[PDB]
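What follows is a single chain, given as structure tokens, in the form deposited in one PDB entry.
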């Protein structure tokens, strides 16, 4: 009922939501429509850090609130770039598409997040190749079709067929195969670098989880994403318009990856968190034949097959842990008993950690053979117990800066104060001599399923002997846990 320039003013109030990390954030009605579906709300029932909650009691947070944050930050970054550089022709349509990709990037996660596609599926169904990102595309497709989203998209200026395609590409990368994308052309290449940056890993997904995980874990975040946004520009690089950082911000970018690595070290790869994820996975494996999840057309699926039907998968969340824990079916007794050991805190025992020494890398193909090697070690120590291959767990962890052996900063372009449209490269030696010499490494953790004092003492001897035999690094506590073993290796002394 008010008018301006002779035309009625239309007042379209967006929803506001209060997030502890980002504060009050506004959700466009199209985003709200996507959010308020069973496919999205599902993420309220999947813990971000999976078994991490059982080590860090503040880590109760779920994928839901992280996804809101990623959607929010994706819009923040696209907006800022467009405000500073109208010549990029960023449209509100582009903004919404990037926000939706941000919201939906995690739709394909399963129970306990990385445990599911990182540990359980590879063991339960070795023949398949599954990733949560592939799952996200499929779940996104299912969300769109089950909830009549396409007309709503059209109502807000989106072109569903192109834009749905574009959203999927942002999530999973090129869907085929030159310019490998179809959703947007090379002059909007920078749009693909926002949600999941496949080129250097600098994206808003990291920015949300650094801040959010830190807030819940009780560890302080030292990366400043807002500063980065302020100094970001888009410049021509090899015929694409790409996001570039201010040159003198290079030190902060090295620190960003250092932070990521510290979070993995301190929290995500915590030795006990990992063994809990291992134990939950074992329980799921023993339950997989007996739990039924109804999918499309009444068809029955298992925990390991629900990934083949998005209707079943919608109902596959951290709830499966409690379904198992609370079950009475005698067929679920073995699975149930593993979860009960978690509750009593009768966990597999951590024996130690070591690393390879040369340019030596342990191949994934050989992971399964490692417990046998440990059990075959011949420690010159008088022991009350003999241990078998099946008593040992050997967990191999690849730690890197996101691009295996490569330095991600070699794949970042920068600009200088005096010529802000000119993209440049900065090499490691131009920055600092105190930076990492290498960008990838492997940690090897060993655990024992026999938890009594005698078995644990024995396990430590087998383990350190195995490290000696393989020319691995001397465990930090080697001289204390295995004083009779460590002298034999003079490379260690």
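The term rigid core refers to the maximal set of C-alpha atoms that superpose within 1.5 Å between the two forms. Positions refer to the first chain, counted from 1.
Keep in mind the form deposited in another entry is missing from the figure; the text below concerns it.
- Task: Superpose on the rigid core, then report which one of 313, 254, 301, 120 has a CA displacement of at least 2 angstroms between this form and the one not shown.
- Result: Among the listed residues, the outlier is 254.
- Message: Following rigid core alignment, is the displacement of the residue 340 C-alpha between this form and the one not shown equal to or greater than 2 angstroms?
- Response: The answer is no, as the C-alpha of residue 340 shifts between this form and the one not shown by less than 2 Å after core alignment.
- Message: Please determine whether the C-alpha atom of residue 390 is displaced by 2 Å or more between this form and the one not shown following superposition on the rigid core.
- Response: Result for residue 390: yes, a 2 Å-plus shift.
- Message: After a rigid core superposition, would you say the CA of residue 323 moves by 2 angstroms or more between this form and the one not shown, or not?
- Response: Shift of 2 Å or more: no.
- Inter-Cα distance between residue 238 and residue 185 in that other deposited form, nearer or further [3 Å or more]: More distant in that other deposited form, by 3 Å or more.
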